[PDB]
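A closer look at the structure
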Amino acid sequence: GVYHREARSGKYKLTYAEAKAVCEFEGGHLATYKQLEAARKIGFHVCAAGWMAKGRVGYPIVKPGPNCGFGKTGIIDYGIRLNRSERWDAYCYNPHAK
């Protein structure tokens with residue numbers, strides 16, 4: 001299944017280029033919206049924005065999301081942001097399960 005990751009010696013210090021380095025190494029691939037959705041149907045709920053394939057970034061949420069974005073419900077990705085220079089979290093994926 002999918003999982004969230006954050007800096008060990010900090011917090012939000014992971015860029016798209018970095019997220020690509022740690023992953024894809026073993027032939028894996030960064031989690032995307034399409035792949036993320038399949039997880040939401042399994043009760044997957046994570047309120048946090050992180051870089052992904054094609055510089056894509058988003059913070060999927062079943063309903064609650066005060067800290068992330070502002071109210072509203074359901075994923076609210078902007079579809080590839082130009083803030084590729086700003087600092088944010090990051091997501092990954094592994095064939096370990098699902």
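Residues numbered from 1 in each chain as written, not as in the entry; some residues may be left out. Heavy atoms only, no water.

This deposited entry lists solution NMR as its structure determination method.

Under the PDB entry, the name given to the chain is Tumor necrosis factor-inducible gene 6 protein, and the source organism is Homo sapiens. In the PDB, the structure is listed with the title "Solution structure of the link module of human tsg-6 in presence of a chondroitin 4-sulfate hexasaccharide".

**A look at the UniProt feature "disulfide bond" in the chain**
Taking the pair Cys-23 and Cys-92, which UniProt gives as a disulfide, the gap between the sulfur atoms is 2.0 Å, short enough to count as bonded. Linking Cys-23 in the loop between α1 (16-22) and α2 (33-40) with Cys-92 in the segment after β4 (89-91), this pair joins segments that are 69 residues apart in sequence. Summarising the burial analysis for this pair, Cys-23 and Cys-92 share the class buried. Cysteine pair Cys-47 and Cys-68, annotated in UniProt as disulfide-bonded: S-S separation 2.0 Å, below the 2.5 Å cut-off, and the bond is accordingly regarded as formed. Residue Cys-47 is found in the loop between α2 and β2 (50-52), and its partner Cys-68 is found in the loop between β3 (56-58) and β4; the two are separated by 21 residues along the sequence. (Disulfide = S-S within 2.5 Å. UniProt positions renumbered as here; feature names shortened; annotations may be inferred. Helix = DSSP H or I, 4+ residues; strand = E, 2+ residues; numbered from the N terminus. Buried < 20%, exposed > 50% of the residue type's maximum accessible area, 1.4 Å probe, protein only.)

**Points about the state of the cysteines**
Across all of its chains, the model carries 2 disulfides by this definition. One disulfide bridge connects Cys-23 with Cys-92, the sulfur atoms lying 2.0 Å from each other. Between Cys-47 and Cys-68 runs a disulfide, and the two sulfur atoms are separated by 2.0 Å. When its relative accessible area of 29% is taken as the criterion, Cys-47 is described as partly exposed.

**Here we look at the environment of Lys-63**
Along the polypeptide, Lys-63 turns up in the loop between β3 and β4. A residue is classified by how much of its surface remains accessible, and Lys-63, at 55% relative accessible area, is exposed. Sequence-wise, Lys-63 and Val-2 are 61 residues apart; in three dimensions their C-alpha atoms are separated by 19 Å. The contacts of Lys-63, once residues within four sequence positions are left out, are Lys-72 and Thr-73. (Contact = heavy atoms within 4.5 Å.)

**A short note on the sheet that holds β4**
The strands that make up a sheet are held in pairs by hydrogen bonds between backbone atoms, and each pair lies either parallel or antiparallel. The 4 strands lie next to each other as β1-β4-β2-β3, forming an open sheet whose pairing is mixed. Of all the strands in the sheet, just β1 (4-5) and β3 have a single pairing partner and so form its edges. Direction of pairing for β1 relative to β4: antiparallel, over a ladder of 2 bridges. Counterpart to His-4 in the pairing with β4 is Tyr-91. (Pairing = 2+ DSSP bridges.)

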